[PDB]
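For reference, the structure discussed in these notes is given below.
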Amino acid sequence: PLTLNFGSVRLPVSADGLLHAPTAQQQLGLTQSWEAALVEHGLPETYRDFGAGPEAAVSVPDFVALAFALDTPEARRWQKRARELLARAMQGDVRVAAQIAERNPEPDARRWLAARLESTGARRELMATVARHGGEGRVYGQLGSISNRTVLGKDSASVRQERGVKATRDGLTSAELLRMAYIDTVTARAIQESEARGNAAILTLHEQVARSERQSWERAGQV
Amino acid sequence: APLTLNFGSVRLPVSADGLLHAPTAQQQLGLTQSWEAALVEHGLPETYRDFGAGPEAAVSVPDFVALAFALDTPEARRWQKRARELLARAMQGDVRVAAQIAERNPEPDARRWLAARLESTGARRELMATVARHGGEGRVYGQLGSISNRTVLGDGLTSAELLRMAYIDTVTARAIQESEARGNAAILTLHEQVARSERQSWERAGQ
């Protein structure tokens, strides 16, 4: 017995993420029978157990498409939720980010999220330390380029292509994010204790940190 | 410095207080009319912000989104589509989306607030599991956690301490796998080595 909690609505959902169609019809103000709707809209005939035996199901994307096709008061409310969501997403609203993460059925997905957010925390801290210590455009990307090469082995474009992503960090493992997070934590220390200057050893130190990390990682397979 | 709002492949210049550069918003929405024409037709406020090149017209993100839905240009339709995909992905709990949203909020308090509501990074848990599949047993689960603590320390943790320990658990799990370590003795030895090296690097890189 599972629901997809979105804003104020609770939609019954299957183990594999499909919505209970009867509920979907109510949410979209669809009033005809479900097979009337399947025929009219070209939707699959598919069944899922929502705790009361086999019932008609609809994918989330299909639900969303129907919301953007129908003009019922109900459908227009869902279009409205899509407008508000995009605005809040574009603005970085972490409450929305939390709600999204909570809807994920896999605890492991959130462990990955935490790994990502912490490696980003570390990466930014390195940026902030770097700026405060002779900030120069070009340095920010030189630092990332070093990390990608040492941790992933390929340029960010190579990885974006190889792994099917629009951004490298959407395709990285927890381990890769943690290896990168570690390197940034170390470099930020070295400079803020070894007092480096400008864009030279701040890139010299980062190179040293990343290559040591690289060896440590390869060394784990030697030990 | 000048800022950009990143959304997928799109890069929108953005003011310090979150307003978008209007001329660029117009290219993104296919609004070929002048901005004055647009301000009148759509009820938008006249707002100027400095995006690095002196005051230029600005539009809020909510207003931008409303225009995308109000319009029916190929370009506005692209944005309507991004909104549909976003909705589906948010409803499905997509954590790459949640990550993208959190990364667009620059405030450490926001990121900390979000991290504070999540399970941990999982490095510790996954080490435990590797250890068990490699024949570890009993006390070893408690000993591995204690060894990391004496190395790094000596929610009250700093971010650096957290990452040092995540890093240590991550490396150990690898060392146990690439090596075909078996049993508690072998496992404890690897963990004590990884944790010693991490400590040395921390002190040494410091110098």
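Identifiers in the structure tokens: chain A, B, ... in order shown; residue index from 1 per chain; ligand index from 1 in order shown.
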
Give one line per residue of chain A that approaches chain B to at most 6 Å, naming the two atoms of the closest pair and their distance in Å to one decimal, counting only C-alpha atoms; sort by chain then ascending residue number and deliver it as CSV.
residue,atom,partner,partner_atom,distance
A:60,CA,B:88,CA,5.8
A:61,CA,B:88,CA,5.4
A:82,CA,B:87,CA,5.7
A:86,CA,B:83,CA,5.8
A:87,CA,B:62,CA,5.3
A:89,CA,B:101,CA,5.4
A:92,CA,B:105,CA,4.5
A:94,CA,B:102,CA,5.4
A:97,CA,B:98,CA,4.3
A:100,CA,B:93,CA,4.7
A:101,CA,B:93,CA,5.3
A:103,CA,B:93,CA,4.5
A:104,CA,B:93,CA,4.0
A:111,CA,B:121,CA,4.6
A:114,CA,B:121,CA,5.1
A:115,CA,B:121,CA,4.7
A:170,CA,B:96,CA,5.8
A:190,CA,B:206,CA,4.7
A:193,CA,B:206,CA,5.9
A:220,CA,B:175,CA,4.7
A:221,CA,B:178,CA,5.0

Inset, instruction - Just the residues within 10 Å of residue A:47, please, counting only C-alpha atoms, with nothing from its chain fewer than 3 positions along; format it as number ranges by chain. - result: A: 14, 18, 20-21, 44, 50, 53-58

Could you list, as a compact mmCIF listing (two decimals) with N, CA, C and O atoms, in the first residue's frame, every residue within 9 Å of residue A:197, counting only C-alpha atoms and ignoring same-chain residues fewer than 6 positions away?
# COMPACT_ATOMS: atom_id res chain seq x y z
N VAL A 130 40.07 29.42 -2.94
CA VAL A 130 40.86 29.84 -4.08
C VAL A 130 40.67 31.32 -4.36
O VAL A 130 41.66 32.02 -4.57
N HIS A 133 42.16 33.57 -2.10
CA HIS A 133 43.64 33.46 -2.16
C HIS A 133 44.16 33.80 -3.56
O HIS A 133 45.11 33.14 -4.02
N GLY A 134 43.59 34.83 -4.19
CA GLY A 134 44.05 35.26 -5.52
C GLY A 134 43.15 34.72 -6.61
O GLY A 134 43.67 34.04 -7.51
N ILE A 191 46.41 24.83 0.75
CA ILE A 191 46.58 26.28 0.46
C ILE A 191 46.27 27.14 1.69
O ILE A 191 47.04 28.07 1.94

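Near stretch 146-157 of chain A, within 9 Å and counting only C-alpha atoms, sit residues 141, 142, 143, 160, 161, 162, 167, 168, 172, 176, 179, 180, 183, 184, 203, 206, 207, 210, 211, 213, 214 and 217 of chain A; same-chain residues fewer than 3 positions away were not included.
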
Using N, CA and C atoms, can you write the selected residues to a file as a tab-separated table (two decimals), in the first residue's frame?
chain	number	residue	atom	x	y	z
A	141	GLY	N	38.04	26.19	-13.57
A	141	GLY	CA	37.89	25.08	-14.51
A	141	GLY	C	39.16	24.26	-14.63
A	142	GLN	N	40.31	24.88	-14.36
A	142	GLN	CA	41.54	24.11	-14.38
A	142	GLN	C	41.47	23.08	-13.24
A	143	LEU	N	40.95	23.53	-12.09
A	143	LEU	CA	40.84	22.65	-10.95
A	143	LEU	C	39.94	21.45	-11.26
A	160	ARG	N	30.49	12.90	-20.33
A	160	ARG	CA	29.09	13.29	-20.65
A	160	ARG	C	28.58	12.41	-21.80
A	161	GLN	N	29.42	12.24	-22.82
A	161	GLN	CA	29.00	11.42	-23.95
A	161	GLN	C	28.92	9.94	-23.60
A	162	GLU	N	30.00	9.40	-23.02
A	162	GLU	CA	30.09	7.99	-22.68
A	162	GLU	C	28.99	7.49	-21.77
A	167	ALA	N	25.37	16.67	-17.86
A	167	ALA	CA	26.33	17.16	-16.87
A	167	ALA	C	27.05	15.95	-16.26
A	168	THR	N	28.35	16.08	-16.05
A	168	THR	CA	29.16	14.98	-15.56
A	168	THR	C	28.65	14.44	-14.25
A	172	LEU	N	27.99	10.37	-12.22
A	172	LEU	CA	29.05	9.87	-11.34
A	172	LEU	C	28.54	8.97	-10.22
A	176	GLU	N	32.95	7.99	-6.91
A	176	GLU	CA	33.65	9.05	-7.68
A	176	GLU	C	33.43	10.42	-7.07
A	179	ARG	N	35.62	10.52	-3.97
A	179	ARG	CA	37.05	10.69	-4.32
A	179	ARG	C	37.29	12.17	-4.66
A	180	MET	N	36.37	12.79	-5.40
A	180	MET	CA	36.54	14.20	-5.79
A	180	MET	C	36.36	15.09	-4.57
A	183	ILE	N	39.64	15.04	-2.50
A	183	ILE	CA	40.69	15.84	-3.12
A	183	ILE	C	40.46	17.33	-2.86
A	184	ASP	N	39.23	17.83	-3.04
A	184	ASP	CA	38.93	19.24	-2.79
A	184	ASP	C	39.08	19.66	-1.33
A	203	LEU	N	47.14	25.75	-8.32
A	203	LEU	CA	46.94	24.68	-9.32
A	203	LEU	C	48.11	23.70	-9.18
A	206	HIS	N	46.80	21.52	-6.17
A	206	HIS	CA	45.70	20.65	-6.56
A	206	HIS	C	46.22	19.46	-7.37
A	207	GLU	N	47.11	19.71	-8.34
A	207	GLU	CA	47.71	18.63	-9.11
A	207	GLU	C	48.37	17.59	-8.20
A	210	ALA	N	45.54	15.57	-6.18
A	210	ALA	CA	44.83	14.66	-7.08
A	210	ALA	C	45.68	13.48	-7.54
A	211	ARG	N	46.96	13.71	-7.82
A	211	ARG	CA	47.79	12.60	-8.28
A	211	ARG	C	48.09	11.67	-7.09
A	213	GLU	N	46.01	11.16	-4.66
A	213	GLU	CA	44.77	10.43	-4.50
A	213	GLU	C	44.66	9.33	-5.54
A	214	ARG	N	45.05	9.66	-6.77
A	214	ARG	CA	45.03	8.72	-7.87
A	214	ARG	C	45.85	7.51	-7.56
A	217	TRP	N	44.29	5.32	-4.81
A	217	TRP	CA	43.21	4.52	-5.37
A	217	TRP	C	43.72	3.31	-6.12

Legend entry - DSSP alpha helix (DSSP H) residues within chain A, as an MDAnalysis selection string: chainID A and resid 21:28 34:41 60:67 73:90 94:103 107:132 139:151 156:162 174:194 201:219

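The coordinates place atom CA of residue A:59 at 26.6 Å from atom CA of residue B:75.
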